[PDB]
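Structure first, commentary second.
Here, each number is a calculation from the coordinates, and none is a lab measurement. Cβ placement follows ideal geometry from the backbone for every residue including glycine, while neighbour counts extend to all protein chains displayed.
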Amino acid sequence: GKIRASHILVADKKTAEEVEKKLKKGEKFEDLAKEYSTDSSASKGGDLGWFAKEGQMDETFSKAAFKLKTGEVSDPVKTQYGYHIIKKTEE
């Protein structure tokens, strides 16, 4: 099957550690994507549309996205592109 989620991607973990604090401070994940993400998804509030566990974004990212439940947010994930952060939005 498939799921839908939103993400934030950064060049190194030091930017992701600030986003983890910002998420507890009160700012929404969908607006932090417009302020901290470096992927083209930033202007969409981090959204990626529907995808599968097989590795459509990255083989490490997809496993973390599928562990979640709709509404839940994830701790940082290393890939070949940088450090990602994920939040599931539909299933």
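Of everything in segment 69-91 that's touching a residue at least 24 places away in the same chain (Cβ under 8 Å) and among the hydrophobic types (A, V, I, L, M, F, W, C), which residue is nearest to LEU48 (Cα to Cα)?
My answer is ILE86.
Among the residues of segment 54-91, which ones are within 20 Å of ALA42 (Cα to Cα) and among the small types (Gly, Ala, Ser)?
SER62, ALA64, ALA65, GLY71, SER74, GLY82
Do we find a residue being within 17 Å of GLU90 (Cβ to Cβ) and over 10 Å from the mean Cα position of the chain (by Cα) anywhere in segment 4-26?
Yes, there is a match, as at least one residue in segment 4-26 is within 17 Å of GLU90 (Cβ to Cβ) and over 10 Å from the mean Cα position of the chain (by Cα).
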